[PDB]
Every structure is written in C-alpha cells, then in structure tokens.
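Colleague: model-v4.pdb (PDB, C-alpha atoms) pasted underneath:
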ATOM      1  CA  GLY A   1     -14.360 -89.257 -96.350  1.00  0.00           C
ATOM      2  CA  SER A   2     -14.670 -88.142 -99.954  1.00  0.00           C
ATOM      3  CA  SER A   3     -12.925 -90.456-102.387  1.00  0.00           C
ATOM      4  CA  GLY A   4     -15.383 -92.933-103.852  1.00  0.00           C
ATOM      5  CA  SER A   5     -14.212 -95.161-106.679  1.00  0.00           C
ATOM      6  CA  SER A   6     -12.187 -93.788-109.566  1.00  0.00           C
ATOM      7  CA  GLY A   7     -10.455 -94.894-112.744  1.00  0.00           C
ATOM      8  CA  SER A   8     -11.378 -98.004-114.694  1.00  0.00           C
ATOM      9  CA  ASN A   9     -11.393 -97.113-118.372  1.00  0.00           C
ATOM     10  CA  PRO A  10     -11.976 -99.966-120.829  1.00  0.00           C
ATOM     11  CA  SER A  11     -10.421 -99.420-124.236  1.00  0.00           C
ATOM     12  CA  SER A  12      -8.897-102.301-126.161  1.00  0.00           C
ATOM     13  CA  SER A  13     -10.490-104.450-128.839  1.00  0.00           C
ATOM     14  CA  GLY A  14     -10.031-105.740-132.368  1.00  0.00           C
ATOM     15  CA  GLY A  15     -10.463-108.943-134.338  1.00  0.00           C
ATOM     16  CA  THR A  16      -8.099-109.980-137.107  1.00  0.00           C
ATOM     17  CA  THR A  17      -8.344-112.807-139.610  1.00  0.00           C
ATOM     18  CA  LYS A  18      -7.610-111.792-143.182  1.00  0.00           C
ATOM     19  CA  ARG A  19      -8.126-108.063-143.578  1.00  0.00           C
ATOM     20  CA  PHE A  20      -6.289-104.768-143.272  1.00  0.00           C
ATOM     21  CA  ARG A  21      -7.623-102.208-140.823  1.00  0.00           C
ATOM     22  CA  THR A  22      -6.118-100.808-137.644  1.00  0.00           C
ATOM     23  CA  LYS A  23      -8.012 -98.993-134.916  1.00  0.00           C
ATOM     24  CA  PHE A  24      -6.232 -96.579-132.608  1.00  0.00           C
ATOM     25  CA  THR A  25      -7.149 -93.846-130.154  1.00  0.00           C
ATOM     26  CA  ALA A  26      -6.462 -90.135-130.439  1.00  0.00           C
ATOM     27  CA  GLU A  27      -3.778 -90.622-127.815  1.00  0.00           C
ATOM     28  CA  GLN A  28      -1.921 -93.015-130.085  1.00  0.00           C
ATOM     29  CA  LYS A  29      -2.521 -90.806-133.098  1.00  0.00           C
ATOM     30  CA  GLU A  30      -1.356 -87.760-131.177  1.00  0.00           C
ATOM     31  CA  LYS A  31       1.555 -89.519-129.516  1.00  0.00           C
ATOM     32  CA  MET A  32       2.567 -91.028-132.836  1.00  0.00           C
ATOM     33  CA  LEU A  33       1.967 -87.768-134.665  1.00  0.00           C
ATOM     34  CA  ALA A  34       4.680 -86.313-132.463  1.00  0.00           C
ATOM     35  CA  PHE A  35       6.709 -89.445-131.833  1.00  0.00           C
ATOM     36  CA  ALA A  36       7.171 -89.842-135.568  1.00  0.00           C
ATOM     37  CA  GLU A  37       7.848 -86.134-135.914  1.00  0.00           C
ATOM     38  CA  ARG A  38      10.709 -86.819-133.534  1.00  0.00           C
ATOM     39  CA  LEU A  39      12.070 -89.986-135.097  1.00  0.00           C
ATOM     40  CA  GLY A  40      11.524 -88.174-138.375  1.00  0.00           C
ATOM     41  CA  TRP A  41       8.873 -90.648-139.463  1.00  0.00           C
ATOM     42  CA  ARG A  42      11.713 -93.149-139.494  1.00  0.00           C
ATOM     43  CA  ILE A  43      12.920 -95.747-137.021  1.00  0.00           C
ATOM     44  CA  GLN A  44      16.623 -96.482-136.750  1.00  0.00           C
ATOM     45  CA  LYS A  45      18.808 -98.765-134.667  1.00  0.00           C
ATOM     46  CA  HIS A  46      19.021 -95.952-132.144  1.00  0.00           C
ATOM     47  CA  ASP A  47      15.253 -95.594-132.132  1.00  0.00           C
ATOM     48  CA  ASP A  48      14.933 -99.071-130.670  1.00  0.00           C
ATOM     49  CA  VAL A  49      14.332 -98.409-126.991  1.00  0.00           C
ATOM     50  CA  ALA A  50      12.449 -95.197-127.670  1.00  0.00           C
ATOM     51  CA  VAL A  51      10.198 -97.377-129.792  1.00  0.00           C
ATOM     52  CA  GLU A  52       9.819 -99.907-127.002  1.00  0.00           C
ATOM     53  CA  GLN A  53       9.235 -97.180-124.442  1.00  0.00           C
ATOM     54  CA  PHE A  54       6.538 -95.685-126.635  1.00  0.00           C
ATOM     55  CA  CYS A  55       4.797 -99.011-127.123  1.00  0.00           C
ATOM     56  CA  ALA A  56       5.051 -99.662-123.403  1.00  0.00           C
ATOM     57  CA  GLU A  57       2.917 -96.541-123.219  1.00  0.00           C
ATOM     58  CA  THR A  58       0.643 -96.429-126.242  1.00  0.00           C
ATOM     59  CA  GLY A  59       1.006-100.097-127.100  1.00  0.00           C
ATOM     60  CA  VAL A  60       1.671 -99.582-130.790  1.00  0.00           C
ATOM     61  CA  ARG A  61       3.805-102.271-132.383  1.00  0.00           C
ATOM     62  CA  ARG A  62       7.040-101.130-133.982  1.00  0.00           C
ATOM     63  CA  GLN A  63       5.907-102.805-137.181  1.00  0.00           C
ATOM     64  CA  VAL A  64       2.528-101.118-136.918  1.00  0.00           C
ATOM     65  CA  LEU A  65       4.083 -97.796-135.985  1.00  0.00           C
ATOM     66  CA  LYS A  66       6.807 -98.076-138.598  1.00  0.00           C
ATOM     67  CA  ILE A  67       4.060 -98.844-141.086  1.00  0.00           C
ATOM     68  CA  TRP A  68       1.898 -96.149-139.538  1.00  0.00           C
ATOM     69  CA  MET A  69       4.554 -93.610-140.447  1.00  0.00           C
ATOM     70  CA  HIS A  70       4.931 -94.796-144.021  1.00  0.00           C
ATOM     71  CA  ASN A  71       1.162 -94.448-144.056  1.00  0.00           C
ATOM     72  CA  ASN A  72       1.582 -90.769-143.275  1.00  0.00           C
ATOM     73  CA  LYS A  73       4.873 -89.467-144.616  1.00  0.00           C
ATOM     74  CA  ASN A  74       4.874 -88.046-148.124  1.00  0.00           C
ATOM     75  CA  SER A  75       3.095 -90.847-149.943  1.00  0.00           C
ATOM     76  CA  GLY A  76       3.997 -89.896-153.495  1.00  0.00           C
ATOM     77  CA  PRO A  77       7.520 -90.788-154.640  1.00  0.00           C
ATOM     78  CA  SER A  78      10.449 -88.430-155.063  1.00  0.00           C
ATOM     79  CA  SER A  79      12.759 -87.770-157.988  1.00  0.00           C
ATOM     80  CA  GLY A  80      16.467 -88.464-157.664  1.00  0.00           C
TER      81      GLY A  80
END
In structure tokens, how does this file's structure come out?
Modeller:
Amino acid sequence: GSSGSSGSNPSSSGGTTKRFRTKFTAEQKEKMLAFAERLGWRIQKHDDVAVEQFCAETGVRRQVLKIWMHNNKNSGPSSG
C-alpha cells in the first residue's frame, strides 16, 4: 500500500446583509483575469455558455463577474 487519504480542501464562505464586498481566491482572480481578457472584459449573448462553464468551474456569478470586469476595465470615462 501507499495511498493514505488525499484531497479535502475547504474554501467557501461569506455573509451578506447590507454591504458591498466580495471575496475571491487567486484562482478566480487569475481565471477571471484571463477569462475577461478573452471575452474582452465584456459578456455578450454568445458569451452565455462560456460564462456558465466558467462559473461551473470557479463559481463566479455572471452578474458578479460582469461587474468584476467593470471593476477592472479602464475605470475613467472616454471621449467620443
């Protein structure tokens, strides 16, 4: 024999009520960092499944993610 227990990694908490503050893990940040870079920091009708697939992995909510992006992309406005 050799194998002796493995895995089991607790990581999921948060309490909401009436405040703004999200807590994510590097993974999410990293994944998103790229994910967004792919979607172009924008989610379209085509980026529906991809969004679901991502959540199914990371667990980030489209709304959260979508907002996450806006909370990253060039904040300041743009002339035009």
Colleague: Extract, using all atoms listed in the file, all DNA, RNA and protein residues at most 12 Å from residue 52 (chain A), discarding same-chain residues fewer than 3 positions from it, and format them as an MDAnalysis selection string.
Modeller: chainID A and resid 35 43 45:49 55:63 65
Colleague: Name the residues in contact with residue 23 (chain A) at a cut-off of 10 Å, using all atoms listed in the file, excluding same-chain residues fewer than 5 positions from it; report them as a PDB file with C-alpha atoms, keeping the file's coordinate frame.
Modeller:
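Saved result, selection07.pdb, follows:
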ATOM      1  CA  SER A  12      -8.897-102.301-126.161  1.00  0.00           C
ATOM      2  CA  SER A  13     -10.490-104.450-128.839  1.00  0.00           C
ATOM      3  CA  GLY A  14     -10.031-105.740-132.368  1.00  0.00           C
ATOM      4  CA  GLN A  28      -1.921 -93.015-130.085  1.00  0.00           C
TER       5      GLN A  28
END
Colleague: Which residues are near residue 69 (chain A)? Cut-off 8 Å, all atoms listed in the file, ignore same chain within fewer than 3 positions. Put them as a PyMOL selection string.
Modeller: chain A and resi 36+41-42+65-66+72-73
Colleague: Report, as AutoDock Vina command-line options, the axis-aligned box around all atoms of region 72-77 of chain A present in the file, extended by 5 Å on each side; give centre and edge lengths in Å to one decimal place.
Modeller:
--center_x 4.6 --center_y -89.4 --center_z -149.0 --size_x 15.9 --size_y 12.8 --size_z 21.4
Colleague: Taking all atoms listed in the file into account, which of A:3, A:10, A:54, A:16 comes nearest residue 34 (chain A)?
Modeller: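 With all atoms listed in the file as the atom set, the closest residue is A:54.
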Colleague: Can you work out the spacing between CA of residue 31 (chain A) and CA of residue 76 (chain A) in Å, to one decimal?
Modeller: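 Pair CA of residue 31 (chain A) / CA of residue 76 (chain A) returns 24.1 Å.
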Colleague: How many Å lie between CA of residue 77 (chain A) and CA of residue 38 (chain A), rounded to one decimal?
Modeller: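 Computed distance, CA of residue 77 (chain A) to CA of residue 38 (chain A), equals 21.7 Å.
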Colleague: Taking into account all atoms listed in the file, which residue in the set A:79, A:44, A:11, A:71 is nearest to residue 27 (chain A)?
Modeller: A:11
Colleague: Can you work out the spacing between CA of residue 37 (chain A) and CA of residue 80 (chain A) in Å, to one decimal?
Modeller: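 For CA of residue 37 (chain A) relative to CA of residue 80 (chain A), the distance reads 23.5 Å.
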